[PDB]
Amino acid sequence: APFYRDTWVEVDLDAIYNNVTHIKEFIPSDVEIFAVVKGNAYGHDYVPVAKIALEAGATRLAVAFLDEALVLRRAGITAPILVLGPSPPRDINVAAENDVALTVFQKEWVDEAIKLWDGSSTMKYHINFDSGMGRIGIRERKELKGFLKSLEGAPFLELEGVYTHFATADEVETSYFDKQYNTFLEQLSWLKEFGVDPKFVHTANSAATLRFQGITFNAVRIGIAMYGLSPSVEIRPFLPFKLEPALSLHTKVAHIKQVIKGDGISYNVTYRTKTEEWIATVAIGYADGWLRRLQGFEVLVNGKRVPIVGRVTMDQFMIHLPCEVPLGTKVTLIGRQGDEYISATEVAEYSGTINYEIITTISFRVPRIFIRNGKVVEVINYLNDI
């Protein structure tokens, strides 16, 4: 699969397999893993991550919205897939015909689904209880009650599981998390009172799964830890085993030159050289997700930290090197060169954000190259496929 600019993501499928294996070893043997692939598998690519995670013993998959799930099904994947985000009622039949379960938690959604149902297809759903995330899900007892009442008109909807999600499992202090846990217990009690067997319960994300007792239920939902990154800096010290980061981001010196003292670099001349400087250019920019707020950040060239100088542009940025290098010299934005390592977390901290957002926003413009047992096994260039 070809690509024609020397800028690429490298995804180490061994690393993803090892994180999933380690998690599966760490949790009880009767507890399933959803591999959570939403956001183009956190920027690692939907399909290869899904397949490797399954190979490593994840049994189920989860994605943000229905189109993401169809990407998986069109790739030949047959494992269960749950849509975690809210879905409009018009998705009922297409979810059904593609064996995809949806999160459903509103009597109004059920009303509309009854109207839109094509009569040929039953759909599986999970109930989301909002136990303090404030995002989606049922919160109140009366609310749950009317939701169940309306479900009686929809025998084509079939409960497959019930879940909640934690807002603070990545904070050392547990007050809010403990309140969520207690609230969720009350919600499950309501459900049993209304005569509904939850069947299959899941609550824990990466942070909760790696920290807390009695949190596993029937399944956990793993995103960031599968990609080998800590949910936060503050809990890193407390994780039970070493996470192996799966993603790196590289570029090659596309031009190099010596720029006289005082000359300007990039838009609005926000950087001037202070001596005769070696300035390299690389072919990646904010259209690839490498945003302007990274100006001044230090990338790796020949194992040395070297700064991005001048404004980052849509497709290119410049770097001040101490020495001439040849055109083609590898430049690493996330990953390892020699003894040096730039984590997605370090890029995120410089950017004033979190690692999730750094990885997931690496744009579809950038090819992914997949490594397994140390050999390249696949290249995906999403531009090729338009």
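Residue numbers run from 1 along the displayed sequence.
When 145-153 is weighed against 224-232, 145-153 comes out higher, by mean CA B-factor as recorded in the entry. For the segment pair 72-80 and 197-205, the entry gives 72-80 the higher mean B-factor, averaged over Cα atoms. Note on the listed residues 97, 178, 140, 288: the highest Cα temperature factor in the record is that of 97. Taking the deposited Cα B-factors for 238, 267, 271, 184, the highest one is held by 238.
In this PDB entry, the Cα temperature factor of residue 346 sits in the bottom third of its chain's modelled residues, the lowest group. When all modelled residues of the chain are sorted by CA temperature factor, residue 28 is found within the highest third. Among the modelled residues of its chain, residue 213 has a C-alpha B-factor that falls in the highest third according to the deposited record. When the modelled residues of the chain are ordered by their C-alpha B factor, residue 11 lands in the middle third. In the deposited entry, the Cα temperature factor of residue 279 sits in the bottom third of values across the chain's modelled residues.
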